[PDB]
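The structure appears right after this line, and notes come after that.
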Amino acid sequence: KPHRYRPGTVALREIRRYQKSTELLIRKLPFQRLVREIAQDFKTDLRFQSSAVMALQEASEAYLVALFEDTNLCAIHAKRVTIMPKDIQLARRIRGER
Amino acid sequence: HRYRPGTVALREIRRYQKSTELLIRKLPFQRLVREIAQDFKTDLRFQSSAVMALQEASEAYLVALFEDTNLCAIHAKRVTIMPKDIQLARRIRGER
Amino acid sequence: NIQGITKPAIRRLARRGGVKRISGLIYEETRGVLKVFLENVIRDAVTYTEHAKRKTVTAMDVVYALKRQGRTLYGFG
Amino acid sequence: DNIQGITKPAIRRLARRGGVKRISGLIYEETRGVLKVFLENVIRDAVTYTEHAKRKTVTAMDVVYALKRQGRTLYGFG
Amino acid sequence: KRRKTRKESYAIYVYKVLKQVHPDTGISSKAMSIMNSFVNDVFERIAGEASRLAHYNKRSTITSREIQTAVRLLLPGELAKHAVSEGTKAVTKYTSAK
Amino acid sequence: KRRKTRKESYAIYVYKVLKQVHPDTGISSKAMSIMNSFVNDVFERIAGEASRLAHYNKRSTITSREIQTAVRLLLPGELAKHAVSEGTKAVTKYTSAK
Amino acid sequence: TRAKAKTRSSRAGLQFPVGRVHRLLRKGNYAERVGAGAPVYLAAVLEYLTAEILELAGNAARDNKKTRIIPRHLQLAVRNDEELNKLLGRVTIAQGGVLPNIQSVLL
Amino acid sequence: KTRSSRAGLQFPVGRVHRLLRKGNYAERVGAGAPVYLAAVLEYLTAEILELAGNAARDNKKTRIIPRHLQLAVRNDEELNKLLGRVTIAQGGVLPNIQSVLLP
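Spelled out as structure tokens, the structure:
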């Protein structure tokens, strides 16, 4: 019988690891491509400095982490341990983004 | 004759969303403002317009907070607001 | 004087906010929140008044205090 | 179709950093949409700043100013 | 017999605009005060955005294009484009006149 | 060939303060940039608050009192009072010397 | 002799005061210099925003069978318009009340 | 003799005065205003640097990194309130796990 951790030990291990670490969690090239694709709609033939993309990635990851913390709080409020899109919608509505 | 438990609540909601006058009595709120300001500076005087502005701001803030609290209560499959709903709303807002 | 914000007043404020059913413990929490908010706004207003060397808190002081906290209020100057 | 570049493991890692223990399968599309909206706003402000400067390169300072205008001040990029 | 000091306000201009958009319609004192505060707040917002735009580009003059960029940054979409159109039309007419 | 144009930062002053508070602790480039940005942000906040205070009181000069009120309005609790004490000490010493 | 005085607002075709806006910009500690066209452009933008809000408030007042705009009409006009609501999202209008909005679950 | 030395400060009083004059804040700038602002900035920098050095020593490091600054800011209540809407690059987040999610 192969060893198997129960469903939630590895999740807590990941939580601890990614809260101890500080490196960016999104791949750099896909994020740069997404930024360029979005910027295409505002002005054609735009160039980007590397520091600009790094700052955009840092801000986006910080915003997503804060939103996920709020989503976790909302899901815990509903006596759940699973985050759902309704939790994100409630968090963004209370924050005042919707 | 007795209305069922919730008809009068909806009636009051409609009445107070139609209306625009302040919902807190003027004198108790003025006394609270003076009591709070006593801890910052003594022998302070207040203009009537200042207290009216404070009352308007406080009532708007409380109404928005109660809207968020109602949303939180609905999120938890409830129709009754609880202190934990207010705490969650203030925590998501970034006040506590 | 915090008790001057009576239970019917808090109920009316909740009704304006669309709340249909109110727990009995809402009132103390609402009083505390209102006290904290008023303490912050009044502290800023008194700071503005003291800088002006005035002894009367004006409506403009309250408006500036609210605007500093991202709560701009129209209708008072 | 670069929004799919933000893969499911990336969103899972972001949630883990946020403290989420269990993630629904519909969270990823909502997260991608929210990220797209946020990036659209920030990039729009940054491109406005760049165009006002008569430049063709979006700089880090433009992004910093755009974030500051939206109340999301960023430290470490000037 | 001490005459009160002169307090400047946008009341007459707001009244003229109201008569332009609604001839048989009035405005109360409180609503006029609210509109004056709105005008003052928007003026402060746009002027501050233009000032920081000039400072960022190391310029000492607030020009029409700085105000245009401030309007584009601060207004939400269709409002921004219509405000830009009105401003450009007014500036063109003013330049054409004298 | 040609030296880059000089860009003023608060690096040396932050380093001196760090050596005062931690003689053996160093600082990384990213941390130094973060400290410089923090100093710039706080300077902008305090200066803007002082300017608004002067405008509200129809004054043309920013003095120690206006900055002090800005500090009291912007810094929370013990930070505000300690900053006030430090600043008053510095101003008293400066006026006592010359 | 000197020519007849013409207001800059008249030249720009605007109702808002170009001269007053220019004086406020000069004495507002915004920049060392203020261009000639900046007050015109800002007055035009302010006039357009005022016209939009006043038109919507007049529509609200006519809906409420009133011939005079009150703060309630201004609040209704601002909150019923998505872009105006976004522009004044952090702004409280005195005596404006709230929009009628009852959640479906409470019905 | 530098104005910073007169006030017993390490931050540049003259540079702060020049920035105040050239920052479009007021028509005139007082003499004591740059001194007071430099003192306040120095105090805030000293507080953050002391907390960051404590964090670095707790992490067995001798050089302050952005993680140490983030820990110092978010662990101090007043500093967290001051920088509530500020994001520090490469700072990460605090190790906070909700009690309901623990085994």
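Protein chains in written order, with the authors' numbering: chain U, 37 to 134; chain W, 39 to 134; chain X, 25 to 101; chain V, 24 to 101; chain T, 28 to 125; chain R, 28 to 125; chain S, 10 to 116; chain Q, 15 to 117. No residue lacks a Cβ here, since even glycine has one placed at the ideal position from N, Cα and C.
Here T80(X) is actually not in contact with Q93(W); their C-beta atoms are around 18 Å apart, not less than 8 Å. At a cut-off of 8 Å, the C-beta of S91(T) has a neighbouring C-beta in chain S. In the DSSP secondary-structure assignment, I119(W) is bridged to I46(X).
Take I54(R), set aside five residues on each side of it, and the residues of its chain with a beta-carbon closer than 8 Å to its own are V41, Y42, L45 and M62, in chain order.
What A76(V) touches in chain U, judged by beta-carbon distance under 7 Å, is nothing: the nearest beta carbon there is about 12 Å away. When the beta-carbon positions are compared, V69(R) and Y37(R) stay at least 8 Å from each other.
By the 16-neighbour rule on beta-carbons within 10 angstroms, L51(Q) is buried. Residue nearest to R99(Q) within the set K36(Q), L108(Q) and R88(Q) is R88(Q) (criterion: CA-CA distance). Contact between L115(Q) and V117(U) holds: CB atoms are separated by about 6 Å, below the 8 Å threshold.
Look at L108(Q) here: in three-state DSSP terms it is coil, with no helix or strand label. Sixteen is the threshold: when 16 or more other Cβ atoms of the shown chains lie within 10 Å of the Cβ of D123(W), as they do, the residue is buried.
For the C-beta of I111(Q), the chain U residues within less than 9 Å are, from N- to C-terminus, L48, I51, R52 and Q55. Beta-bridge partners assigned by DSSP to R42(U): none are found. Within chain T, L100 have C-beta atoms less than 7 Å from the C-beta of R92(V), given in sequence order. Contact annotation: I29(X) and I74(W) have beta-carbon atoms that are not nearer than 8 Å. When secondary structure is reduced to three states using DSSP, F84(U) falls in the strand class. Apart from sequence neighbours up to five positions away, the residues of its chain that approach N94(Q) with a beta-carbon distance below 7 Å are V87 and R88, ordered along the chain.
Within chain U, the residues whose beta carbon sits less than 7 Å from that of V107(Q) are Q55 and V101, listed in sequence order.
For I78(Q), there are no neighbours in chain V by C-beta distance under 7 Å, as the nearest C-beta there is about 13 Å away. Residue burial annotation: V60(X) is exposed, with fewer than 16 other C-beta atoms found within 10 angstroms of its C-beta.
Against chain T, the CB of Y88(X) has no partner CB under 8 Å away; the residue lies outside that interface.
Under a 10 Å Cβ-count criterion, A124(R) is classified as exposed, with fewer than 16 other Cβ atoms of the shown protein chains found around its own Cβ. Fully contained in the segment 28-96 of chain X are the following alpha helix (DSSP H) runs of length 4 or more, in chain order: 31-40, 50-75 and 83-92. A residue is called buried once 16 or more other Cβ atoms fall within 10 Å of its Cβ, and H39(W), having fewer, is exposed.
In this structure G28(Q) is in contact with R17(Q), their Cβ atoms being roughly 6 Å apart against a cut-off of 8 Å. The secondary-structure analysis by DSSP pairs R11(S) with nothing; it has no beta-bridge partner. Interface flag for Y98(X) against chain T is set, since a Cβ pair is found closer than 8 Å. Under the DSSP assignment, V100(S) falls in the beta strand (DSSP E) whose first and last residues are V100 to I102.
In chain order, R81 and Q84 place their CB closer than 7 Å to the CB of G106(S), counting only its own chain and leaving out the 5 sequence neighbours on each side. Burial of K44(X) is indicated by the presence of at least 16 other C-beta atoms within 10 angstroms of its C-beta. Remark: C-beta atoms of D68(V) and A89(V) approach each other more closely than 8 Å. When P48(Q), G46(Q), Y39(Q) and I62(Q) are compared, the shortest CA-CA separation from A58(R) is found for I62(Q).
It is roughly 18 Å from the alpha-carbon of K31(V) to the alpha-carbon of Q55(U).
Rounded to the nearest whole angstrom, the CA to CA distance from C110(U) to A102(U) is 12 Å. Per DSSP, the beta-bridge partners of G53(R) are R77(Q). Only those residues of the segment 55-68 of chain T whose C-beta falls short of 8 Å from the nearest C-beta of chain X are listed: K57, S60, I61, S64, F65 and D68.
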